[PDB]
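S.K.: From the sequence below, what's the structure:
(9 chains, ligands or ions: 40)
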Amino acid sequence: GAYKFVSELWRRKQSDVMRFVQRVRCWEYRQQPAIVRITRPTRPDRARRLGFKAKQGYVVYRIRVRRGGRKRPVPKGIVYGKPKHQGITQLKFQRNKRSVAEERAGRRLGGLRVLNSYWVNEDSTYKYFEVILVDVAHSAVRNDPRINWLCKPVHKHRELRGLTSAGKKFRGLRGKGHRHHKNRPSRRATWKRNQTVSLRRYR
Amino acid sequence: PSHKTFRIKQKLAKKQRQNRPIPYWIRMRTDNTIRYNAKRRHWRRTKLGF
Amino acid sequence: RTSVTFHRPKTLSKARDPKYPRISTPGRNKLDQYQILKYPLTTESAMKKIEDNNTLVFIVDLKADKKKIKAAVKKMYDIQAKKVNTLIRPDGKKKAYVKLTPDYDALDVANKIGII
Amino acid sequence: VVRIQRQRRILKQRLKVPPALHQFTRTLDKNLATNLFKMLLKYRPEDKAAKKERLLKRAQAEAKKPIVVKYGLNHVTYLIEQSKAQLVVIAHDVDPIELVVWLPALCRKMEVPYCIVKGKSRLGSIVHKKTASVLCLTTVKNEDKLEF
Amino acid sequence: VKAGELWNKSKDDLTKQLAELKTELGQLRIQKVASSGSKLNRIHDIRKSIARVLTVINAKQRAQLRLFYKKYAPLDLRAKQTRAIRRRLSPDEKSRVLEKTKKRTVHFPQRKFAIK
RNA sequence: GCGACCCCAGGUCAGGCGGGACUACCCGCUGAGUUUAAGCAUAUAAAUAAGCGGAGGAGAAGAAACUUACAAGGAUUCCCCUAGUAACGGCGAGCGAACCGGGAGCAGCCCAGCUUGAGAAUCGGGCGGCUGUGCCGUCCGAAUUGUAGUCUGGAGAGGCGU
RNA sequence: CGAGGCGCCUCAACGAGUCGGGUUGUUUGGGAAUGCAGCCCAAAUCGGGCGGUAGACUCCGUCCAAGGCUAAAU
RNA sequence: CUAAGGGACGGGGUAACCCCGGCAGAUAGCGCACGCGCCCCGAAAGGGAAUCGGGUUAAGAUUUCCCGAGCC
RNA sequence: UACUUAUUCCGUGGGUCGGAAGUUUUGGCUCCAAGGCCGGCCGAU
Ligand SMILES: [K+]
Ligand SMILES: [K+]
Ligand SMILES: [K+]
Ligand SMILES: [K+]
Ligand SMILES: [K+]
Ligand SMILES: [Mg+2]
Ligand SMILES: [Mg+2]
Ligand SMILES: [Mg+2]
Ligand SMILES: [Mg+2]
Ligand SMILES: [Mg+2]
Ligand SMILES: [Mg+2]
Ligand SMILES: [Mg+2]
Ligand SMILES: [Mg+2]
Ligand SMILES: [Mg+2]
Ligand SMILES: [Mg+2]
Ligand SMILES: [Mg+2]
Ligand SMILES: [Mg+2]
Ligand SMILES: [Mg+2]
Ligand SMILES: [Mg+2]
Ligand SMILES: [Mg+2]
Ligand SMILES: [Mg+2]
Ligand SMILES: [Mg+2]
Ligand SMILES: [Mg+2]
Ligand SMILES: [Mg+2]
Ligand SMILES: [Mg+2]
Ligand SMILES: [Mg+2]
Ligand SMILES: [Mg+2]
Ligand SMILES: [Mg+2]
Ligand SMILES: [Mg+2]
Ligand SMILES: [Mg+2]
Ligand SMILES: [Mg+2]
Ligand SMILES: [Mg+2]
Ligand SMILES: [Mg+2]
Ligand SMILES: [Mg+2]
Ligand SMILES: [Mg+2]
Ligand SMILES: [Mg+2]
Ligand SMILES: [Mg+2]
Ligand SMILES: [Mg+2]
Ligand SMILES: [Mg+2]
Ligand SMILES: [Mg+2]
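M.R.: Numbering: from 1, shown residues only, chains lettered A, B, ... in the order given. Ligands and ions are numbered 1, 2, ... in the order given. Sharing the structure here:
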């Protein structure tokens, strides 16, 4: 078993070995399009834990997304409203960069279904993720009882409904009990339940 | 104009057929409430904007 | 590489040889002669053309062009058209002026069809 | 695509390469490599047809322990830690280099002879695959004890 | 006329009937524009006969093709359902489970019991 | 020059998948102001309307990196109660849940990691056959940069017996 | 017409630019900071996350994240 | 056919709707294996293959039908 | 303070870069090699 050695090495990102290898790769990704199909995961050990298998029907894509916050896209920085809503520049997108990357991949590849994604690189302006997608029309997927669930119609475009691992992170579903109870079943479902005026017939 | 697209002429032909009086025997049917065409148009009034 | 410019090389491409036909119904000529030649015109203006210019007037399909018209009159009435003039009427239908070649008498053809 | 692969070779030449990566530059000598590979050809695993034929031959009766090269990174890594590897052959061009960059350290720590040879595709050909990326010898035949 | 007899006739006879009824509907459309009083109701009778013949010819063609193709089926011959039904997993695929789940059903299925 | 691989290119190549529509319910983003504060800027309106997307017959959630402080309970969801309460708030106007308890309904599972090496034992496709949502045979390919099987912390592997 | 259960006894592997911390914005009833997000720092394995007031030390209670599926009550 | 201009493959941006055409990307092909290689839309007043005279209807043809005579 | 490969900018139909060795004419034309030596080399380092 060699996967532990690979996993342990990738924990030392600040070593000379990992810094050199990441720097050459970061340069090469900069000369490629923002959505690129790759024949093999760069981090096979990290891909195994996230569900990837070396089978026909599993495909891997590298996605490049821009870093930083979300400037308000209003015509001149001009807001017509109260000063609490007049900020422009220091605002933040509610979804993470990992979900943005796999959401770009899902829109580009409508015939495939996103499994999940993992972090690959970053320099200053770009972050790189590799997204695992499944061809749910291939018989290898359709015959594997561990990935069969992805072929069912309720799992269409789960990256767009916040149902991947990255989506559960920004939805507040990576914790339980108090500090997280308002996010289940969803925050909007919780809010609607607390807005209800229950007028029973015997009151 | 004299210069017409085919699609404009085809629509003008249908509008020509549609502004006729209703047949007289329609008023004789068993449960009939139709009196007139209710959709006659005269070219000088009520232009069709094409 | 005598050129400093790279061009995409020429590669072999095969033709389509499907494993099953997408359409299995043969496909039937729905614009046959009976659709092309609907009926002749019998107005007073149309009847004048028979003895003045050896011409038969027909109501024809909108999809029928001049070539299909002369082929249709040949397969329907065994007569040869010298030329075909067509128009679309203000009622939306298509009207064809079919002038027969000399040695064909439209009045005799009109008698066989039944319009006279 | 041609420009990016040529610039990748130049960038790796200009940038200071850490020793754990620079060690893959030192490869087995050409004379030694042709000796080892001509001996590794003796212990090739059976191809698909040969395995099918051996299955049929057993079925006709209804064998012996074979001596073949071992391959696969997970399997070779397991053998080395179990102290059963007698020789480890590592390809010099594993594209994710973190797959085998620690391998010379593990083999040296476990007191196992190892070498780095040019060509994962050459290692793959021996085991009827493409890009084996590591080969292991645990046992050799008595006819080869002196040569090995 | 008498679709039961139409199903008996061969394909050459069925197309010969189709030709006759097309010639005869044309003779009526000529009569309709000139004059008549009881040839006008023949239009409905004969137009329906043309539909009747073409239905029989078509139904024979499809049944023949369905017999000749029982490998890959032509796209028009394939089972037409809703688009979502066609994308569904098979029962073999829906009922497949892995070994660790098949074992637990073999060794520990739900039992039939009662309380005294 | 013959070759092996890697990365990539072109195909009306063989077989396939996607785009749009619908609005009551559901999932994701984005996001006001009128209004109230007897003025008004925080606050409120409101994590609402509008705006951009994604599904299904339900959706989402879900099997503790949970509560508690007890003699402790034991996935998710919904109802009652908790409770107009703790808290928050020009502590102003206002706002505002959760635990316990009682009900409805109950169900727990699958992987990655070390774990074939006396044999990739796995999978797809073409073709043929048949007992036909599949099974078998043969030939190609995928895969060792890892398919199958074992294992998932409640464990488990190994050893010894019903 | 082999495997599992059970009784007894030396290994026992469990998910990383992730957790966590700082700061900035937003959101919350969550108040020396409820969740989320951007950026900077950046893990561990006699360890890690919690015990609704920030801190250090000593005990105690309690869980094991960062992979996936899951009917019913609605 | 091109004009002012418009759309638009790849690529870039963007939560998405959508916004960007010179940013150069193996430019997707043309002649006779060999040779070469610097998208569309947009004008019935711009550019532009080729027709004349006479006759004819209730209503056409100011060059479309008829007669004759040409042209591309 | 130096370096060049990141990054940035400029140019070209990416058409003679680095090291060594050894056409001024008058508003005209200039391409697809003659020749030499064995498809091949020089001519055209
Ligand atoms: K087969
Ligand atoms: K484990
Ligand atoms: K905060
Ligand atoms: K603890
Ligand atoms: K023009
Ligand atoms: Mg007017
Ligand atoms: Mg109007
Ligand atoms: Mg005309
Ligand atoms: Mg095809
Ligand atoms: Mg849609
Ligand atoms: Mg006020
Ligand atoms: Mg007031
Ligand atoms: Mg006011
Ligand atoms: Mg709305
Ligand atoms: Mg539906
Ligand atoms: Mg669900
Ligand atoms: Mg658990
Ligand atoms: Mg609870
Ligand atoms: Mg009370
Ligand atoms: Mg509120
Ligand atoms: Mg609650
Ligand atoms: Mg209770
Ligand atoms: Mg592949
Ligand atoms: Mg395995
Ligand atoms: Mg076991
Ligand atoms: Mg035991
Ligand atoms: Mg932060
Ligand atoms: Mg803050
Ligand atoms: Mg917001
Ligand atoms: Mg406390
Ligand atoms: Mg974990
Ligand atoms: Mg999980
Ligand atoms: Mg779920
Ligand atoms: Mg119900
Ligand atoms: Mg043009
Ligand atoms: Mg222009
Ligand atoms: Mg675009
Ligand atoms: Mg044009
Ligand atoms: Mg002009
Ligand atoms: Mg006139």
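
S.K.: When you work out contacts or count neighbours from here on, use the C-alpha atoms and nothing else.
M.R.: Fine.

S.K.: So which bits of chain D are right by RNA strand H?
M.R.: Near RNA strand H, the residues belonging to chain D are residue D:1 when assessed by C-alpha under 7 Å from any atom of the strand.

S.K.: Show me the strands in chain D, by range?
M.R.: D:70-71, D:87-91, D:114-117, D:134-137 (DSSP state E).

S.K.: do the same with chain A
M.R.: Counting by DSSP E, chain A has strands at residues A:35-38, A:58-66, A:113-122, A:126-134.

S.K.: got CSV for the ones you listed, with distance to RNA strand I and mean neighbour count too?
M.R.: Putting the strands of chain A into CSV (distance: least, C-alpha to the nearest atom of the strand, whole Å; neighbours: other C-alpha atoms under 10 Å in any protein chain shown) gives the following:
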stretch, distance to RNA strand I, mean neighbour count
strand A:35-38, 17, 14
strand A:58-66, 13, 22
strand A:113-122, 12, 21
strand A:126-134, 11, 23
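
S.K.: Enumerate the residues of chain C near chain E.
M.R.: Counting by C-alpha under 8 Å from any C-alpha of the partner chain, chain C comes close to chain E at C:19-25, C:34, C:38-42, C:113-115.

S.K.: Put the buried members of these into a ChimeraX selection.
M.R.: With 16 or more other C-alpha atoms under 10 Å in any protein chain shown as the criterion, this ChimeraX line picks the buried residues out of the residues of chain C next to chain E:
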select /C:34,38,39,40,41,42,115
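
S.K.: hang on, the earlier thing: mind giving me a markdown table with the strands of chain D and columns for distance to residue B:3?
M.R.: Putting those into a markdown table (distance: least, C-alpha to C-alpha, whole Å) gives the following:
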| stretch | distance to residue B:3 |
| --- | --- |
| strand D:70-71 | 81 |
| strand D:87-91 | 78 |
| strand D:114-117 | 82 |
| strand D:134-137 | 80 |
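
S.K.: how about those, which one is nearest chain B?
M.R.: Across those, chain B has its closest neighbour in strand D:87-91 (71.6 Å, C-alpha to the nearest C-alpha).

S.K.: Listing partners with orientation, what would you give for the closest one?
M.R.: strand D:114-117 (parallel), strand D:134-137 (antiparallel) (DSSP bridges).

S.K.: Out of those, which one sits most buried?
M.R.: strand D:134-137 (a mean of 24; mean count of other C-alpha atoms under 10 Å in any protein chain shown).

S.K.: That one and RNA strand F in contact?
M.R.: Yes. Using C-alpha under 7 Å from any atom of the strand, strand D:134-137 reaches RNA strand F at residue D:134.

S.K.: now that strand: how far from the chain's centre is it?
M.R.: Relative to the centre of its chain, strand D:134-137 is centred 4 Å away, using C-alpha atoms, centre = their mean, to the nearest Å.

S.K.: Send me it as PDB with only the CA atoms.
M.R.: Provided in PDB are the C-alpha atoms of strand D:134-137 (Å, rounded to 0.1, in the frame of the first residue of the first chain):
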ATOM      1  CA  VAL D 134       7.700   0.000 -10.700                       C
ATOM      2  CA  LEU D 135       9.000  -3.600 -10.900                       C
ATOM      3  CA  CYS D 136      10.000  -5.900  -8.000                       C
ATOM      4  CA  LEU D 137      12.000  -9.200  -8.000                       C
END
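
S.K.: Report the contact partners of residue A:123.
M.R.: By C-alpha atoms under 8 Å, 6 or more residues apart in numbering or on different chains, the contact list for residue A:123 reads residue A:26.

S.K.: Without its sequence neighbours, what residue ends up closest to residue A:59?
M.R.: Nearest residue to residue A:59, sequence neighbours excluded (C-alpha to C-alpha, 6 or more residues apart in numbering or on different chains): residue A:133, at 5.3 Å.

S.K.: now the helices: where do they sit in chain E?
M.R.: Using DSSP state H, the helices of chain E run over E:3-8, E:11-34, E:41-68, E:83-86, E:91-94, E:99-107.
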